[PDB]
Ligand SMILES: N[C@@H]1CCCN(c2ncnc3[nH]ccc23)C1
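Presented below, as structure tokens, is a lone chain in the form deposited without the ligand.
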């Protein structure tokens, strides 16, 4: 006893075992998948009997099976008509990321702010605003320092053309889940027929020796440093100090003051080599009044100070 959804692009079907997983709801996931594919393919919305998406019982195997059958037959008609890899829309991507999470993370957890279990609530929209603001290209290398189950990396890889996206996570439980998130994401993206950039989710300590040169060569760092201690903050600034001009750090708490004024007593501070701006979706956003910080490596701040001493 199972439910099957045929892929709109001819990939392997999505197979769900009945009784469906508890999770959000698995039956609603199947209905929303069908609706998303219908929104995506106008011939499919035409071929599909309208009534089948109004009249359903998620608690009935036969009712759920009939819904899947109607969709599957409509996909078959469309595949017969066509007989004779684009990036996902923002709406579809939100669905795909939630779907990937639901199929990957199965054990209870605590639902703290910006935690994997609440990604859909404020993270998804905020990461979407951030992507629109920093405008990465094929020359960029993106790294999430403390990537959790890899959700930010998956979103950014599905939305941008960076050369590569990396996620590094130290903790055992999220890094293990990231392995399933990776598989589930690649599988589901193929199922929908959607393109994503290259990415790697790995287990590791971003403060290790190996990671020193990796951070130095990164063009865009993403780091939720909100709850970081002074030691991790100090070590990170030491890593950032080796970054290239124009290198960027997107964070939840600033690494240098917004009003940093270089003088003779603060030449050791990271503020001497980076621009820092506070960004806010509120500056059409109706979500939480959130803020984030964009840091840009710029050693001309330090150069202009020495230049001004020699040229009064």
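Definition used throughout: the rigid core is the maximal C-alpha set that superposes within 1.5 Å between two forms. Residue numbers count along the first chain shown, from 1. Residues that one form lacks are left out of the comparison.
Only in words, not in the display: the form solved in complex with the ligand, which the text now covers.
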Using 4.5 Å between non-hydrogen atoms, is residue 185 touching the ligand in the deposited complex? no
Within 4.5 Å, heavy atoms only: does residue 206 come near the ligand in the deposited complex? yes
So in the deposited complex, does residue 199 come within 4.5 Å of the ligand, heavy atom to heavy atom? no
Does residue 228 reach the ligand in the deposited complex if we count a contact as any heavy atom within 4.5 Å? yes
Name the residue from 73, 170, 164, 212 that puts a heavy atom within 4.5 Å of the ligand in the deposited complex. 170
Looking at 212 to 220, 187 to 195, 87 to 95, 170 to 178, which one sits within 4.5 Å of the ligand in the deposited complex if you count heavy atoms only? 170 to 178
Only counting residues present in both forms, give the runs of 3 or more in a row whose C-alpha shift is 2 Å or more between the shown form and the other one, core aligned. 109 to 112
